[PDB]
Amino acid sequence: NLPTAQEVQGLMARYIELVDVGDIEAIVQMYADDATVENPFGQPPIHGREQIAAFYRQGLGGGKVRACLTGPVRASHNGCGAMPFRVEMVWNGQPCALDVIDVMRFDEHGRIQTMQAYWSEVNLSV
């Protein structure tokens, strides 16, 4: 159901693990039907499951992307949480790192209803 604080910590950690191995189908399953993705926050929300899958396959398709928590998950009692992490990727044909904070709201089924990924170019390191 609506994840407890401890369950939010578990779910958000699981998200990171799935991104880190690059299981696109498993990531998309975490999302609710009405989910929205704002990534980076400030850009228009992505919605529709096909569209969210296309977003992740575009980002993770190369198969080389890595991700890890860089601090503990902060969770609420209303099914939300926030986490700091770092993504290792490739930009301009070179290895890079991107520092991100994700804010997630889960629904009463334990699926992601809204996600918001905070980062900009100030958070990229070549």
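Sequential numbering from 1, following the sequence displayed.
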Worksheet item: Out of 52-60 and 92-100, which stretch has the higher average CA B-factor listed in the record?
Response: 92-100
Worksheet item: Looking at the entry, does 32-40 or 77-85 show the higher mean C-alpha B-factor?
Response: 32-40
Item to complete: Select lowest, middle or highest to describe the third in which the CA B-factor of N1 falls within its chain in this entry.
Response: highest
Worksheet item: By the record's CA B-factor, is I27 among the lowest, middle or highest third of residues in the chain?
Response: lowest
Discussion item. How does the C-alpha B factor of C68 compare with the rest of the chain: lowest, middle or highest third?
Written reply: middle
Worksheet item: Which third of the chain holds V122 when residues are ordered by C-alpha B factor: lowest, middle or highest?
Response: highest
